Amino acid sequence: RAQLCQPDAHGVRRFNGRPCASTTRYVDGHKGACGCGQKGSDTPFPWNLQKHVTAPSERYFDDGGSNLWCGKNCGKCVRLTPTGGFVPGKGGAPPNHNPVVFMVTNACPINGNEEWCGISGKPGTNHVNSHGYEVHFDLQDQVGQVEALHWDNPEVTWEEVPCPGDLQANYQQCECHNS
Ligand SMILES: OC[C@H]1O[C@@H](O[C@H]2[C@H](O)[C@@H](O)[C@H](O)O[C@@H]2CO)[C@H](O)[C@@H](O)[C@@H]1O
Ligand SMILES: OC[C@H]1O[C@@H](O[C@H]2[C@H](O)[C@@H](O)[C@H](O)O[C@@H]2CO)[C@H](O)[C@@H](O)[C@@H]1O
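Residues numbered from 1 in each chain as written, not as in the entry; some residues may be left out. Chains lettered and ligands numbered in written order. Heavy atoms only, no water. Residues with missing side-chain atoms left out of burial classes, pairs and counts.

Per the deposition metadata, X-ray crystallography was the technique used to determine this entry, at a resolution of 1.420 Å.

Given below as structure tokens:
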């Protein structure tokens, strides 16, 4: 057993009651779906390529909706804690289980990402991806910040938390702030 979160009676993987999430890493250079770059361009602010920012799966990104621009959960923060698990052949066990906070600045759409982001309802509705998780976090890795954590697609528990002050201040520059 590489995945340590056991499915509950509804098929949702949990660890000691807490919901689990899968994670991946991505690089694409786009401004992204929360508008964290110059208006009218596809150029991100440097912080949005450098910091701990994430593109969640679409139904969490827009809280049940399908909007891929200024989704309802733009600017929220999530704390991800590795369990030690991973999907066999698609990750590995990390060196420690320190939790890391990420801010939502982009979206992982169902289209083109069916294995990990193809979840047809928001968390709490018992819809899961192909690996049994109710939500997925794709982690921005333009500058190698995920490799610096030594995370190779870890299984995590997840929760929403208030954003650290620096990430709050960053988000104020994004076009979706106050939409
Ligand atoms: O579709 C989500 C995300 O996947 C990333 O690729 C994964 C891949 O699916 C998995 O088999 C392999 O083990 O890990 C890579 C890296 O996390 C891809 O890099 C992203 O562009 C994509 O959004
Ligand atoms: O980059 C501006 C552009 O972002 C679009 O979201 C994309 C995002 O660029 C890409 O990094 C991610 O993997 O997919 C999302 C959703 O397709 C957004 O939908 C556009 O409105 C926006 O102009």
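Structure's up, so let's keep going.
Re the site of ligand 1
Counted only if it meets this: Working definition: residue near molecule or strand if any one of its non-hydrogen atoms lies within 4 Å of it. By the criterion applied in these results, polar contacts are pairs of N or O atoms within 3.5 Å in which, for protein atoms, one can donate a hydrogen and the other can accept it, and in which residues neighboring in sequence qualify only through two side-chain atoms. Per-residue and other accessible areas were derived by the Shrake-Rupley procedure at a 1.4 Å probe size, with only the shown protein chains allowed to occlude residues. Counting from the N terminus, the helices are DSSP H or I runs at least four residues long and the strands are E runs at least two residues long.
All residues adjacent to ligand 1 are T24, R25, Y26, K90, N113, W116, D138 and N153. Taking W116, its side chain carries an N or O atom lying 2.9 Å from an oxygen atom of ligand 1. Between an oxygen atom of ligand 1 and a side-chain N or O atom of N153, the distance comes to 2.8 Å. The fraction of the free accessible surface of ligand 1 (490 Å²) that becomes covered by protein chains is 64%. By residue number, the principal contributor to the shell around ligand 1 is strand β3 (residues 18-26), which donates three residues.

What to know about the site of ligand 2
In plain terms, the rule: When residues are grouped by polarity, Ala, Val, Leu, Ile, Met, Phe, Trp, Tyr, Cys and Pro land in nonpolar, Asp, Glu, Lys and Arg in charged, and all others, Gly among them, in polar.
Within the structure, ligand 2 sits among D28, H30, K31, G32, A33, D42, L68, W69, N106, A107 and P109. Here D28 contributes a side-chain N or O atom positioned 2.6 Å from an oxygen atom of ligand 2. Protein contacts shield 66% of the accessible area of ligand 2, which totals 480 Å² for the unbound molecule. Considered class by class, the residues forming the shell around ligand 2 number five nonpolar, three polar and three charged.

Observations concerning unusual backbone geometry
The condition that has to hold: Exposed residues in this analysis have more than 50% of their type's maximum accessible area, buried residues have under 20%, and partly exposed residues fall in between, with area computed by a 1.4 Å probe over protein chains only.
Within the chain, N16 stands out as a residue other than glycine whose phi angle is a positive 50°. In this model, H150 sits at a positive phi of 60°, which is unusual for a non-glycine residue. Relative to the assigned elements, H150 resides in the loop between α4 (145-149) and β8 (156-161). Overall, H150 belongs to the exposed group, its relative accessible area being 55%.

With respect to the side chain of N170
Our working rule: Here, residues are in contact when the closest pair of their heavy atoms is within 4.5 Å.
Its place among the elements puts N170 in helix α5 (residues 165-171). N170 sits in the buried class, given a relative accessible area of 12%. Apart from residues lying up to four places away in sequence, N170 is in contact with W47 and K51.

Describing the packing of aromatic side chains
The following threshold applies: Aromatic contacts are taken between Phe, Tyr and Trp rings whose centres are within 6.5 Å, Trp giving its six-membered ring; a plane angle under 30 degrees counts as stacked, one over 60 as edge-to-face, and the others as tilted.
Enumeration over the complete set of coordinates arrives at five aromatic pairs. Counting every residue linked through ring pairs, the aromatic cluster contains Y60, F137 and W158.

Focus on the nonpolar core
Among soluble globular proteins, nonpolar side chains are generally buried collectively. What counts is decided by this rule: Nonpolar cores were defined as sets of buried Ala, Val, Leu, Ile, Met, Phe, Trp, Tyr and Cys residues, with membership established by side-chain atoms within 4.5 Å.
Judged by nonpolar contacts, the single largest core of 32 residues is most densely connected at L80, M103, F137, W158 and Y171. Secondary-structure elements contributing two or more residues to this core are α2 (58-61), β5 (77-82), β6 (100-104), β7 (136-140), β8 and α5. For this core, the leading source of residues is β6, giving four residues. Excluding residues within four positions of it along the chain, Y171 makes contact with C34, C36, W47, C74, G75, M103, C176 and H177. Ranked by size, the runner-up nonpolar core spans nine residues in total, among them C5, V87, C108 and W116.

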